[PDB]
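Q: Just so it is clear, I am handing over work24.cif, which has mmCIF, N, CA and C atoms.
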data_coords
loop_
_atom_site.group_PDB
_atom_site.id
_atom_site.type_symbol
_atom_site.label_atom_id
_atom_site.label_comp_id
_atom_site.auth_asym_id
_atom_site.auth_seq_id
_atom_site.Cartn_x
_atom_site.Cartn_y
_atom_site.Cartn_z
ATOM 1 N N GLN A 1 1.771 -9.851 6.084
ATOM 2 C CA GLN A 1 2.234 -10.894 6.994
ATOM 3 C C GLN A 1 3.649 -10.601 7.453
ATOM 4 N N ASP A 2 4.409 -9.988 6.569
ATOM 5 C CA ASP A 2 5.769 -9.607 6.879
ATOM 6 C C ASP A 2 6.137 -8.456 5.970
ATOM 7 N N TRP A 3 7.297 -7.871 6.225
ATOM 8 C CA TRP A 3 7.725 -6.687 5.510
ATOM 9 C C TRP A 3 7.966 -6.957 4.021
ATOM 10 N N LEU A 4 8.529 -8.114 3.694
ATOM 11 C CA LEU A 4 8.810 -8.416 2.295
ATOM 12 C C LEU A 4 7.525 -8.575 1.490
ATOM 13 N N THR A 5 6.494 -9.176 2.086
ATOM 14 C CA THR A 5 5.213 -9.280 1.385
ATOM 15 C C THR A 5 4.510 -7.922 1.351
ATOM 16 N N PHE A 6 4.646 -7.156 2.422
ATOM 17 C CA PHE A 6 4.102 -5.805 2.435
ATOM 18 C C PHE A 6 4.638 -5.004 1.247
ATOM 19 N N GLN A 7 5.935 -5.113 0.991
ATOM 20 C CA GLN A 7 6.559 -4.399 -0.116
ATOM 21 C C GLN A 7 5.969 -4.836 -1.440
ATOM 22 N N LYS A 8 5.798 -6.143 -1.597
ATOM 23 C CA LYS A 8 5.272 -6.681 -2.845
ATOM 24 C C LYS A 8 3.864 -6.166 -3.104
ATOM 25 N N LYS A 9 3.093 -5.970 -2.034
ATOM 26 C CA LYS A 9 1.680 -5.623 -2.157
ATOM 27 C C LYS A 9 1.368 -4.123 -2.129
ATOM 28 N N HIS A 10 2.251 -3.305 -1.552
ATOM 29 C CA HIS A 10 1.848 -1.941 -1.215
ATOM 30 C C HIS A 10 2.809 -0.831 -1.560
ATOM 31 N N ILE A 11 3.902 -1.179 -2.230
ATOM 32 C CA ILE A 11 4.855 -0.183 -2.704
ATOM 33 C C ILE A 11 4.769 -0.117 -4.220
ATOM 34 N N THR A 12 4.772 1.095 -4.764
ATOM 35 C CA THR A 12 4.828 1.269 -6.212
ATOM 36 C C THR A 12 5.929 2.263 -6.567
ATOM 37 N N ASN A 13 6.648 1.987 -7.659
ATOM 38 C CA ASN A 13 7.693 2.893 -8.123
ATOM 39 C C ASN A 13 7.148 3.995 -9.034
ATOM 40 N N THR A 14 5.840 3.958 -9.273
ATOM 41 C CA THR A 14 5.161 4.945 -10.101
ATOM 42 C C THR A 14 3.767 5.246 -9.543
ATOM 43 N N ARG A 15 3.343 6.501 -9.635
ATOM 44 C CA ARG A 15 1.995 6.848 -9.209
ATOM 45 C C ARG A 15 0.961 6.255 -10.145
ATOM 46 N N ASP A 16 1.342 6.077 -11.408
ATOM 47 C CA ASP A 16 0.412 5.625 -12.443
ATOM 48 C C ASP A 16 0.291 4.113 -12.441
ATOM 49 N N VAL A 17 -0.250 3.576 -11.350
ATOM 50 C CA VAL A 17 -0.419 2.139 -11.206
ATOM 51 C C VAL A 17 -1.343 1.619 -12.301
ATOM 52 N N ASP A 18 -0.951 0.519 -12.944
ATOM 53 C CA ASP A 18 -1.703 -0.052 -14.062
ATOM 54 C C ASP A 18 -2.811 -0.952 -13.504
ATOM 55 N N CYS A 19 -3.838 -0.333 -12.931
ATOM 56 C CA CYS A 19 -4.850 -1.068 -12.153
ATOM 57 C C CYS A 19 -5.470 -2.300 -12.800
ATOM 58 N N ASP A 20 -5.976 -2.154 -14.011
ATOM 59 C CA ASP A 20 -6.648 -3.285 -14.640
ATOM 60 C C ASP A 20 -5.733 -4.477 -14.867
ATOM 61 N N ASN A 21 -4.444 -4.219 -15.083
ATOM 62 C CA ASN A 21 -3.519 -5.322 -15.299
ATOM 63 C C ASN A 21 -2.974 -5.881 -13.988
ATOM 64 N N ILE A 22 -2.543 -4.999 -13.090
ATOM 65 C CA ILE A 22 -1.918 -5.461 -11.861
ATOM 66 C C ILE A 22 -2.894 -6.159 -10.922
ATOM 67 N N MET A 23 -4.150 -5.735 -10.925
ATOM 68 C CA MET A 23 -5.115 -6.304 -9.984
ATOM 69 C C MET A 23 -5.617 -7.684 -10.419
ATOM 70 N N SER A 24 -5.581 -7.967 -11.716
ATOM 71 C CA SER A 24 -5.998 -9.277 -12.225
ATOM 72 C C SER A 24 -4.784 -10.194 -12.360
ATOM 73 N N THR A 25 -4.115 -10.408 -11.242
ATOM 74 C CA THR A 25 -2.941 -11.253 -11.188
ATOM 75 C C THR A 25 -3.129 -12.143 -9.979
ATOM 76 N N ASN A 26 -2.286 -13.156 -9.826
ATOM 77 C CA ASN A 26 -2.427 -14.013 -8.649
ATOM 78 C C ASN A 26 -2.060 -13.272 -7.354
ATOM 79 N N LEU A 27 -1.250 -12.221 -7.470
ATOM 80 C CA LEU A 27 -0.832 -11.438 -6.307
ATOM 81 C C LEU A 27 -1.997 -10.692 -5.666
ATOM 82 N N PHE A 28 -2.806 -10.035 -6.496
ATOM 83 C CA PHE A 28 -3.913 -9.227 -5.997
ATOM 84 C C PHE A 28 -5.279 -9.883 -6.178
ATOM 85 N N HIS A 29 -5.328 -10.880 -7.056
ATOM 86 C CA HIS A 29 -6.485 -11.748 -7.256
ATOM 87 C C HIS A 29 -7.827 -11.013 -7.232
ATOM 88 N N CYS A 30 -7.905 -9.913 -7.976
ATOM 89 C CA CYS A 30 -9.164 -9.214 -8.191
ATOM 90 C C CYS A 30 -9.796 -8.701 -6.902
ATOM 91 N N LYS A 31 -8.968 -8.389 -5.906
ATOM 92 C CA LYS A 31 -9.506 -7.860 -4.658
ATOM 93 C C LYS A 31 -10.198 -6.515 -4.914
ATOM 94 N N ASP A 32 -11.072 -6.103 -4.004
ATOM 95 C CA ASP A 32 -11.887 -4.918 -4.241
ATOM 96 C C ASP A 32 -11.096 -3.632 -4.260
ATOM 97 N N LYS A 33 -10.022 -3.600 -3.479
ATOM 98 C CA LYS A 33 -9.227 -2.391 -3.344
ATOM 99 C C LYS A 33 -7.804 -2.744 -2.944
ATOM 100 N N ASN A 34 -6.845 -2.012 -3.500
ATOM 101 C CA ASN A 34 -5.481 -2.071 -3.008
ATOM 102 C C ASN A 34 -4.871 -0.686 -3.038
ATOM 103 N N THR A 35 -4.215 -0.324 -1.938
ATOM 104 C CA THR A 35 -3.500 0.944 -1.839
ATOM 105 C C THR A 35 -2.018 0.737 -2.102
ATOM 106 N N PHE A 36 -1.487 1.493 -3.060
ATOM 107 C CA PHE A 36 -0.065 1.461 -3.338
ATOM 108 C C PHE A 36 0.553 2.761 -2.854
ATOM 109 N N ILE A 37 1.682 2.647 -2.166
ATOM 110 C CA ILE A 37 2.413 3.811 -1.685
ATOM 111 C C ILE A 37 3.555 4.123 -2.647
ATOM 112 N N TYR A 38 3.581 5.350 -3.155
ATOM 113 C CA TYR A 38 4.625 5.790 -4.079
ATOM 114 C C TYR A 38 5.882 6.175 -3.308
ATOM 115 N N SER A 39 6.905 5.333 -3.401
ATOM 116 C CA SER A 39 8.100 5.508 -2.579
ATOM 117 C C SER A 39 9.076 4.390 -2.908
ATOM 118 N N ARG A 40 10.359 4.583 -2.603
ATOM 119 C CA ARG A 40 11.260 3.445 -2.520
ATOM 120 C C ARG A 40 10.904 2.672 -1.252
ATOM 121 N N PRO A 41 11.203 1.372 -1.221
ATOM 122 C CA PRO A 41 10.776 0.577 -0.066
ATOM 123 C C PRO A 41 11.393 1.045 1.243
ATOM 124 N N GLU A 42 12.671 1.408 1.212
ATOM 125 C CA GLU A 42 13.399 1.604 2.454
ATOM 126 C C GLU A 42 12.827 2.734 3.331
ATOM 127 N N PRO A 43 12.483 3.887 2.728
ATOM 128 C CA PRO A 43 11.854 4.965 3.513
ATOM 129 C C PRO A 43 10.490 4.606 4.122
ATOM 130 N N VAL A 44 9.761 3.694 3.493
ATOM 131 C CA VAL A 44 8.505 3.234 4.073
ATOM 132 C C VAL A 44 8.777 2.384 5.307
ATOM 133 N N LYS A 45 9.816 1.550 5.241
ATOM 134 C CA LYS A 45 10.171 0.719 6.387
ATOM 135 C C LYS A 45 10.367 1.601 7.616
ATOM 136 N N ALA A 46 10.921 2.779 7.378
ATOM 137 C CA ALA A 46 11.289 3.703 8.435
ATOM 138 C C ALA A 46 10.110 4.255 9.230
ATOM 139 N N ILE A 47 8.895 4.087 8.718
ATOM 140 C CA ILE A 47 7.700 4.485 9.457
ATOM 141 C C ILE A 47 7.649 3.775 10.805
ATOM 142 N N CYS A 48 8.203 2.572 10.848
ATOM 143 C CA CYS A 48 8.100 1.747 12.042
ATOM 144 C C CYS A 48 9.342 1.746 12.911
ATOM 145 N N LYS A 49 10.277 2.657 12.649
ATOM 146 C CA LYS A 49 11.539 2.652 13.389
ATOM 147 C C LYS A 49 11.247 2.729 14.877
ATOM 148 N N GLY A 50 11.901 1.870 15.652
ATOM 149 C CA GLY A 50 11.775 1.898 17.098
ATOM 150 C C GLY A 50 10.570 1.173 17.677
ATOM 151 N N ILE A 51 9.690 0.701 16.809
ATOM 152 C CA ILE A 51 8.477 0.044 17.263
ATOM 153 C C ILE A 51 8.625 -1.466 17.171
ATOM 154 N N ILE A 52 8.617 -2.119 18.329
ATOM 155 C CA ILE A 52 8.892 -3.549 18.403
ATOM 156 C C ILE A 52 7.640 -4.428 18.471
ATOM 157 N N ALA A 53 6.877 -4.338 19.553
ATOM 158 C CA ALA A 53 5.696 -5.175 19.667
ATOM 159 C C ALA A 53 4.657 -4.718 18.663
ATOM 160 N N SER A 54 3.907 -5.670 18.121
ATOM 161 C CA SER A 54 2.882 -5.352 17.131
ATOM 162 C C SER A 54 2.005 -4.182 17.560
ATOM 163 N N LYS A 55 1.957 -3.148 16.727
ATOM 164 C CA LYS A 55 1.232 -1.926 17.052
ATOM 165 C C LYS A 55 0.837 -1.251 15.747
ATOM 166 N N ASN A 56 -0.411 -0.815 15.649
ATOM 167 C CA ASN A 56 -0.844 -0.074 14.476
ATOM 168 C C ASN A 56 -0.446 1.386 14.631
ATOM 169 N N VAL A 57 0.180 1.930 13.594
ATOM 170 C CA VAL A 57 0.753 3.269 13.637
ATOM 171 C C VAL A 57 0.292 4.072 12.425
ATOM 172 N N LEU A 58 -0.180 5.294 12.660
ATOM 173 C CA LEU A 58 -0.515 6.225 11.581
ATOM 174 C C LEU A 58 0.728 7.042 11.218
ATOM 175 N N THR A 59 1.008 7.172 9.926
ATOM 176 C CA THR A 59 2.180 7.944 9.501
ATOM 177 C C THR A 59 2.115 9.381 9.999
ATOM 178 N N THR A 60 3.282 9.964 10.258
ATOM 179 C CA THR A 60 3.359 11.356 10.670
ATOM 180 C C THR A 60 3.402 12.332 9.483
ATOM 181 N N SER A 61 3.902 11.870 8.342
ATOM 182 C CA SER A 61 3.860 12.644 7.102
ATOM 183 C C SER A 61 2.733 12.102 6.239
ATOM 184 N N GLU A 62 2.212 12.931 5.342
ATOM 185 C CA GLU A 62 1.353 12.406 4.296
ATOM 186 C C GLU A 62 2.229 11.737 3.250
ATOM 187 N N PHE A 63 1.628 10.829 2.491
ATOM 188 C CA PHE A 63 2.302 10.152 1.393
ATOM 189 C C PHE A 63 1.445 10.266 0.143
ATOM 190 N N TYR A 64 2.058 10.009 -1.007
ATOM 191 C CA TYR A 64 1.323 9.958 -2.267
ATOM 192 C C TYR A 64 0.839 8.535 -2.490
ATOM 193 N N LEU A 65 -0.478 8.364 -2.476
ATOM 194 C CA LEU A 65 -1.089 7.049 -2.598
ATOM 195 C C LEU A 65 -1.799 6.897 -3.934
ATOM 196 N N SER A 66 -1.807 5.663 -4.421
ATOM 197 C CA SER A 66 -2.546 5.284 -5.609
ATOM 198 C C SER A 66 -3.419 4.100 -5.244
ATOM 199 N N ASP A 67 -4.730 4.287 -5.342
ATOM 200 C CA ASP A 67 -5.688 3.225 -5.060
ATOM 201 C C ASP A 67 -6.227 2.617 -6.345
ATOM 202 N N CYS A 68 -6.355 1.299 -6.363
ATOM 203 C CA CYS A 68 -7.108 0.636 -7.421
ATOM 204 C C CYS A 68 -8.419 0.202 -6.785
ATOM 205 N N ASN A 69 -9.531 0.756 -7.269
ATOM 206 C CA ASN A 69 -10.842 0.485 -6.704
ATOM 207 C C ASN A 69 -11.701 -0.217 -7.734
ATOM 208 N N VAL A 70 -12.343 -1.308 -7.337
ATOM 209 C CA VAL A 70 -13.148 -2.082 -8.282
ATOM 210 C C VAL A 70 -14.370 -1.278 -8.728
ATOM 211 N N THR A 71 -14.835 -1.542 -9.946
ATOM 212 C CA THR A 71 -16.034 -0.887 -10.468
ATOM 213 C C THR A 71 -17.230 -1.836 -10.383
ATOM 214 N N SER A 72 -18.281 -1.569 -11.159
ATOM 215 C CA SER A 72 -19.456 -2.450 -11.160
ATOM 216 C C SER A 72 -19.132 -3.834 -11.734
ATOM 217 N N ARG A 73 -18.106 -3.900 -12.575
ATOM 218 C CA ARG A 73 -17.700 -5.164 -13.165
ATOM 219 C C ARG A 73 -16.606 -5.789 -12.322
ATOM 220 N N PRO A 74 -16.852 -6.993 -11.787
ATOM 221 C CA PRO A 74 -15.812 -7.622 -10.972
ATOM 222 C C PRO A 74 -14.454 -7.649 -11.685
ATOM 223 N N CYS A 75 -13.396 -7.358 -10.931
ATOM 224 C CA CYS A 75 -12.033 -7.337 -11.444
ATOM 225 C C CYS A 75 -11.748 -6.296 -12.533
ATOM 226 N N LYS A 76 -12.554 -5.237 -12.571
ATOM 227 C CA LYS A 76 -12.267 -4.064 -13.398
ATOM 228 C C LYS A 76 -12.110 -2.871 -12.470
ATOM 229 N N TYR A 77 -11.204 -1.949 -12.785
ATOM 230 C CA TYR A 77 -10.794 -0.943 -11.802
ATOM 231 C C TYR A 77 -10.730 0.502 -12.285
ATOM 232 N N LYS A 78 -10.799 1.414 -11.318
ATOM 233 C CA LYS A 78 -10.429 2.803 -11.534
ATOM 234 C C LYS A 78 -9.282 3.201 -10.604
ATOM 235 N N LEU A 79 -8.320 3.919 -11.160
ATOM 236 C CA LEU A 79 -7.208 4.453 -10.386
ATOM 237 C C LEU A 79 -7.614 5.746 -9.700
ATOM 238 N N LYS A 80 -7.323 5.848 -8.414
ATOM 239 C CA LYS A 80 -7.558 7.087 -7.699
ATOM 240 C C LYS A 80 -6.306 7.479 -6.933
ATOM 241 N N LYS A 81 -5.749 8.642 -7.263
ATOM 242 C CA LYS A 81 -4.552 9.144 -6.579
ATOM 243 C C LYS A 81 -4.944 10.096 -5.460
ATOM 244 N N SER A 82 -4.229 10.036 -4.341
ATOM 245 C CA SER A 82 -4.515 10.941 -3.238
ATOM 246 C C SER A 82 -3.260 11.218 -2.438
ATOM 247 N N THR A 83 -3.333 12.259 -1.622
ATOM 248 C CA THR A 83 -2.259 12.595 -0.704
ATOM 249 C C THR A 83 -2.826 12.457 0.696
ATOM 250 N N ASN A 84 -2.275 11.537 1.472
ATOM 251 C CA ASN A 84 -2.873 11.210 2.757
ATOM 252 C C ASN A 84 -1.908 10.471 3.652
ATOM 253 N N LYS A 85 -2.187 10.503 4.946
ATOM 254 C CA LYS A 85 -1.508 9.617 5.871
ATOM 255 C C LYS A 85 -2.111 8.220 5.735
ATOM 256 N N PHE A 86 -1.414 7.215 6.244
ATOM 257 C CA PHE A 86 -1.987 5.877 6.274
ATOM 258 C C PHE A 86 -1.487 5.120 7.495
ATOM 259 N N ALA A 87 -2.140 4.009 7.810
ATOM 260 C CA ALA A 87 -1.755 3.208 8.966
ATOM 261 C C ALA A 87 -1.249 1.840 8.559
ATOM 262 N N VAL A 88 -0.276 1.353 9.325
ATOM 263 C CA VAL A 88 0.275 0.023 9.131
ATOM 264 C C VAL A 88 0.434 -0.644 10.484
ATOM 265 N N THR A 89 0.519 -1.965 10.478
ATOM 266 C CA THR A 89 0.970 -2.686 11.661
ATOM 267 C C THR A 89 2.493 -2.713 11.643
ATOM 268 N N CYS A 90 3.105 -2.164 12.690
ATOM 269 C CA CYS A 90 4.557 -2.224 12.859
ATOM 270 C C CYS A 90 4.902 -3.393 13.755
ATOM 271 N N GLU A 91 5.959 -4.119 13.409
ATOM 272 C CA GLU A 91 6.464 -5.174 14.278
ATOM 273 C C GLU A 91 7.938 -5.323 14.006
ATOM 274 N N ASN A 92 8.743 -5.348 15.063
ATOM 275 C CA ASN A 92 10.195 -5.455 14.904
ATOM 276 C C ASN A 92 10.723 -4.433 13.907
ATOM 277 N N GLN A 93 10.191 -3.220 14.026
ATOM 278 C CA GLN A 93 10.660 -2.047 13.289
ATOM 279 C C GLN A 93 10.366 -2.045 11.802
ATOM 280 N N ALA A 94 9.386 -2.831 11.369
ATOM 281 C CA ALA A 94 9.016 -2.832 9.958
ATOM 282 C C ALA A 94 7.510 -2.964 9.799
ATOM 283 N N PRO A 95 6.952 -2.393 8.716
ATOM 284 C CA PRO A 95 5.530 -2.630 8.435
ATOM 285 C C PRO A 95 5.306 -4.078 8.022
ATOM 286 N N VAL A 96 4.313 -4.732 8.628
ATOM 287 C CA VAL A 96 4.005 -6.120 8.295
ATOM 288 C C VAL A 96 2.602 -6.289 7.743
ATOM 289 N N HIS A 97 1.847 -5.204 7.750
ATOM 290 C CA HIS A 97 0.445 -5.242 7.351
ATOM 291 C C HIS A 97 -0.064 -3.840 7.069
ATOM 292 N N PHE A 98 -0.866 -3.714 6.016
ATOM 293 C CA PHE A 98 -1.438 -2.427 5.676
ATOM 294 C C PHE A 98 -2.811 -2.317 6.323
ATOM 295 N N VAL A 99 -2.994 -1.314 7.175
ATOM 296 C CA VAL A 99 -4.242 -1.177 7.910
ATOM 297 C C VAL A 99 -5.297 -0.402 7.140
ATOM 298 N N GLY A 100 -4.945 0.793 6.683
ATOM 299 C CA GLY A 100 -5.915 1.614 5.987
ATOM 300 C C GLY A 100 -5.423 3.022 5.765
ATOM 301 N N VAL A 101 -6.215 3.808 5.059
ATOM 302 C CA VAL A 101 -5.837 5.174 4.766
ATOM 303 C C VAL A 101 -6.455 6.111 5.800
ATOM 304 N N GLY A 102 -5.733 7.176 6.133
ATOM 305 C CA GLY A 102 -6.191 8.124 7.136
ATOM 306 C C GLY A 102 -7.428 8.885 6.701
ATOM 307 N N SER A 103 -8.037 9.610 7.635
ATOM 308 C CA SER A 103 -9.240 10.381 7.341
ATOM 309 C C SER A 103 -8.899 11.718 6.695
#
Can you dump the structure from the file as structure tokens?

A:
Amino acid sequence: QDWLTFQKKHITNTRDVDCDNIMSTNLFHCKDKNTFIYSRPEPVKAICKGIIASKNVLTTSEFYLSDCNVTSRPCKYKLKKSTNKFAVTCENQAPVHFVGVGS
């Protein structure tokens, strides 16, 4: 919804995201999947530099991503690490929404 919530939901200071614990919280509420970007927040903000009106943008560099993906048991997870580009909604020069991971 905004950059500060984007940070709370999609930035991780470690690749080794604690999926089973972090996903069963009120923040992630057992959602099927969440992508965490391994980075300090400020460099991620920079993906949207210069972009004002709401626009979905694919990163120009790949990033180190950590996905928590649900298993057969609701709210139980497997961690999957990958190196990939991803897309966000940019608005007023900041990511406000996570769109998805690149192909």

Q: Which residues fall under the PyMOL selection byres ((chain A and resi 1-17) around 7) in this file, as a list in words?

A: residues 18, 19, 20, 22, 35, 36, 37, 38, 39, 40, 41, 65, 66, 79, 94, 95, 96, 97 and 98 of chain A

Q: Grab the residues selected above and save them as a CSV table (one decimal), in the frame of the given file with N, CA and C atoms.

A:
chain,number,residue,atom,x,y,z
A,18,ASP,N,-1.0,0.5,-12.9
A,18,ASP,CA,-1.7,-0.1,-14.1
A,18,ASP,C,-2.8,-1.0,-13.5
A,19,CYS,N,-3.8,-0.3,-12.9
A,19,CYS,CA,-4.8,-1.1,-12.2
A,19,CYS,C,-5.5,-2.3,-12.8
A,20,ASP,N,-6.0,-2.2,-14.0
A,20,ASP,CA,-6.6,-3.3,-14.6
A,20,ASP,C,-5.7,-4.5,-14.9
A,22,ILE,N,-2.5,-5.0,-13.1
A,22,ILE,CA,-1.9,-5.5,-11.9
A,22,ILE,C,-2.9,-6.2,-10.9
A,35,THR,N,-4.2,-0.3,-1.9
A,35,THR,CA,-3.5,0.9,-1.8
A,35,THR,C,-2.0,0.7,-2.1
A,36,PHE,N,-1.5,1.5,-3.1
A,36,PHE,CA,-0.1,1.5,-3.3
A,36,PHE,C,0.6,2.8,-2.9
A,37,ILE,N,1.7,2.6,-2.2
A,37,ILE,CA,2.4,3.8,-1.7
A,37,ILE,C,3.6,4.1,-2.6
A,38,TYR,N,3.6,5.4,-3.2
A,38,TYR,CA,4.6,5.8,-4.1
A,38,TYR,C,5.9,6.2,-3.3
A,39,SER,N,6.9,5.3,-3.4
A,39,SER,CA,8.1,5.5,-2.6
A,39,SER,C,9.1,4.4,-2.9
A,40,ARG,N,10.4,4.6,-2.6
A,40,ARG,CA,11.3,3.4,-2.5
A,40,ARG,C,10.9,2.7,-1.3
A,41,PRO,N,11.2,1.4,-1.2
A,41,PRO,CA,10.8,0.6,-0.1
A,41,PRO,C,11.4,1.0,1.2
A,65,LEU,N,-0.5,8.4,-2.5
A,65,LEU,CA,-1.1,7.0,-2.6
A,65,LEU,C,-1.8,6.9,-3.9
A,66,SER,N,-1.8,5.7,-4.4
A,66,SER,CA,-2.5,5.3,-5.6
A,66,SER,C,-3.4,4.1,-5.2
A,79,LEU,N,-8.3,3.9,-11.2
A,79,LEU,CA,-7.2,4.5,-10.4
A,79,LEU,C,-7.6,5.7,-9.7
A,94,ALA,N,9.4,-2.8,11.4
A,94,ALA,CA,9.0,-2.8,10.0
A,94,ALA,C,7.5,-3.0,9.8
A,95,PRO,N,7.0,-2.4,8.7
A,95,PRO,CA,5.5,-2.6,8.4
A,95,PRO,C,5.3,-4.1,8.0
A,96,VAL,N,4.3,-4.7,8.6
A,96,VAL,CA,4.0,-6.1,8.3
A,96,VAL,C,2.6,-6.3,7.7
A,97,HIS,N,1.8,-5.2,7.8
A,97,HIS,CA,0.4,-5.2,7.4
A,97,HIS,C,-0.1,-3.8,7.1
A,98,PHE,N,-0.9,-3.7,6.0
A,98,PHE,CA,-1.4,-2.4,5.7
A,98,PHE,C,-2.8,-2.3,6.3

Q: For a test of reading the model, state the distance in Å between atom C of residue A:64 and atom CA of residue A:83, rounded to one decimal.

A: 5.4 Å

Q: As a JSON list (two decimals) with N, CA and C atoms, in the coordinates of the input, list the residues of stretch 15-94 of chain A assigned to strand (DSSP E) by DSSP on the backbone atoms of this structure.

A:
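Written file, out11.json:
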[["chain", "number", "residue", "atom", "x", "y", "z"],
["A", 33, "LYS", "N", -10.02, -3.60, -3.48],
["A", 33, "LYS", "CA", -9.23, -2.39, -3.34],
["A", 33, "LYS", "C", -7.80, -2.74, -2.94],
["A", 34, "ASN", "N", -6.84, -2.01, -3.50],
["A", 34, "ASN", "CA", -5.48, -2.07, -3.01],
["A", 34, "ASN", "C", -4.87, -0.69, -3.04],
["A", 35, "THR", "N", -4.22, -0.32, -1.94],
["A", 35, "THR", "CA", -3.50, 0.94, -1.84],
["A", 35, "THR", "C", -2.02, 0.74, -2.10],
["A", 36, "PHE", "N", -1.49, 1.49, -3.06],
["A", 36, "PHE", "CA", -0.06, 1.46, -3.34],
["A", 36, "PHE", "C", 0.55, 2.76, -2.85],
["A", 37, "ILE", "N", 1.68, 2.65, -2.17],
["A", 37, "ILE", "CA", 2.41, 3.81, -1.68],
["A", 37, "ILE", "C", 3.56, 4.12, -2.65],
["A", 38, "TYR", "N", 3.58, 5.35, -3.16],
["A", 38, "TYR", "CA", 4.62, 5.79, -4.08],
["A", 38, "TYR", "C", 5.88, 6.18, -3.31],
["A", 55, "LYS", "N", 1.96, -3.15, 16.73],
["A", 55, "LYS", "CA", 1.23, -1.93, 17.05],
["A", 55, "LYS", "C", 0.84, -1.25, 15.75],
["A", 56, "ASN", "N", -0.41, -0.82, 15.65],
["A", 56, "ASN", "CA", -0.84, -0.07, 14.48],
["A", 56, "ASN", "C", -0.45, 1.39, 14.63],
["A", 57, "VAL", "N", 0.18, 1.93, 13.59],
["A", 57, "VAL", "CA", 0.75, 3.27, 13.64],
["A", 57, "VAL", "C", 0.29, 4.07, 12.42],
["A", 58, "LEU", "N", -0.18, 5.29, 12.66],
["A", 58, "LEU", "CA", -0.52, 6.22, 11.58],
["A", 58, "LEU", "C", 0.73, 7.04, 11.22],
["A", 63, "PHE", "N", 1.63, 10.83, 2.49],
["A", 63, "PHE", "CA", 2.30, 10.15, 1.39],
["A", 63, "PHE", "C", 1.44, 10.27, 0.14],
["A", 64, "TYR", "N", 2.06, 10.01, -1.01],
["A", 64, "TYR", "CA", 1.32, 9.96, -2.27],
["A", 64, "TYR", "C", 0.84, 8.54, -2.49],
["A", 65, "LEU", "N", -0.48, 8.36, -2.48],
["A", 65, "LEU", "CA", -1.09, 7.05, -2.60],
["A", 65, "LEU", "C", -1.80, 6.90, -3.93],
["A", 66, "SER", "N", -1.81, 5.66, -4.42],
["A", 66, "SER", "CA", -2.55, 5.28, -5.61],
["A", 66, "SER", "C", -3.42, 4.10, -5.24],
["A", 67, "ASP", "N", -4.73, 4.29, -5.34],
["A", 67, "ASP", "CA", -5.69, 3.22, -5.06],
["A", 67, "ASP", "C", -6.23, 2.62, -6.34],
["A", 68, "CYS", "N", -6.36, 1.30, -6.36],
["A", 68, "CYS", "CA", -7.11, 0.64, -7.42],
["A", 68, "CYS", "C", -8.42, 0.20, -6.78],
["A", 69, "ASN", "N", -9.53, 0.76, -7.27],
["A", 69, "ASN", "CA", -10.84, 0.48, -6.70],
["A", 69, "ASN", "C", -11.70, -0.22, -7.73],
["A", 70, "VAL", "N", -12.34, -1.31, -7.34],
["A", 70, "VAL", "CA", -13.15, -2.08, -8.28],
["A", 70, "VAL", "C", -14.37, -1.28, -8.73],
["A", 77, "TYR", "N", -11.20, -1.95, -12.78],
["A", 77, "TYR", "CA", -10.79, -0.94, -11.80],
["A", 77, "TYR", "C", -10.73, 0.50, -12.28],
["A", 78, "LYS", "N", -10.80, 1.41, -11.32],
["A", 78, "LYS", "CA", -10.43, 2.80, -11.53],
["A", 78, "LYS", "C", -9.28, 3.20, -10.60],
["A", 79, "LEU", "N", -8.32, 3.92, -11.16],
["A", 79, "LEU", "CA", -7.21, 4.45, -10.39],
["A", 79, "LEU", "C", -7.61, 5.75, -9.70],
["A", 80, "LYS", "N", -7.32, 5.85, -8.41],
["A", 80, "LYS", "CA", -7.56, 7.09, -7.70],
["A", 80, "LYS", "C", -6.31, 7.48, -6.93],
["A", 81, "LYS", "N", -5.75, 8.64, -7.26],
["A", 81, "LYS", "CA", -4.55, 9.14, -6.58],
["A", 81, "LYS", "C", -4.94, 10.10, -5.46],
["A", 82, "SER", "N", -4.23, 10.04, -4.34],
["A", 82, "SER", "CA", -4.51, 10.94, -3.24],
["A", 82, "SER", "C", -3.26, 11.22, -2.44],
["A", 83, "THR", "N", -3.33, 12.26, -1.62],
["A", 83, "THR", "CA", -2.26, 12.60, -0.70],
["A", 83, "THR", "C", -2.83, 12.46, 0.70],
["A", 84, "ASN", "N", -2.28, 11.54, 1.47],
["A", 84, "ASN", "CA", -2.87, 11.21, 2.76],
["A", 84, "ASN", "C", -1.91, 10.47, 3.65],
["A", 86, "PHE", "N", -1.41, 7.22, 6.24],
["A", 86, "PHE", "CA", -1.99, 5.88, 6.27],
["A", 86, "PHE", "C", -1.49, 5.12, 7.50],
["A", 87, "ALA", "N", -2.14, 4.01, 7.81],
["A", 87, "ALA", "CA", -1.76, 3.21, 8.97],
["A", 87, "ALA", "C", -1.25, 1.84, 8.56],
["A", 88, "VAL", "N", -0.28, 1.35, 9.32],
["A", 88, "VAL", "CA", 0.28, 0.02, 9.13],
["A", 88, "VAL", "C", 0.43, -0.64, 10.48],
["A", 89, "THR", "N", 0.52, -1.96, 10.48],
["A", 89, "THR", "CA", 0.97, -2.69, 11.66],
["A", 89, "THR", "C", 2.49, -2.71, 11.64],
["A", 90, "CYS", "N", 3.10, -2.16, 12.69],
["A", 90, "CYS", "CA", 4.56, -2.22, 12.86],
["A", 90, "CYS", "C", 4.90, -3.39, 13.76],
["A", 91, "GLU", "N", 5.96, -4.12, 13.41],
["A", 91, "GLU", "CA", 6.46, -5.17, 14.28],
["A", 91, "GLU", "C", 7.94, -5.32, 14.01],
["A", 94, "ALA", "N", 9.39, -2.83, 11.37],
["A", 94, "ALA", "CA", 9.02, -2.83, 9.96],
["A", 94, "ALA", "C", 7.51, -2.96, 9.80]]

Q: At a cut-off of 9 Å from (-12.3, 5.3, -5.0) in the coordinates of the file, what residues are picked up using only C-alpha atoms, written as a list in words?

A: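 With a cut-off of 9 Å, the residues come to residues 33, 67, 68, 69, 70, 78, 79, 80 and 81 of chain A.
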
Q: Just how far from atom CA of residue A:100 is atom CA of residue A:49, in Å to one decimal?

A: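 If I compute the distance from atom CA of residue A:49 to atom CA of residue A:100, I get 19.0 Å.
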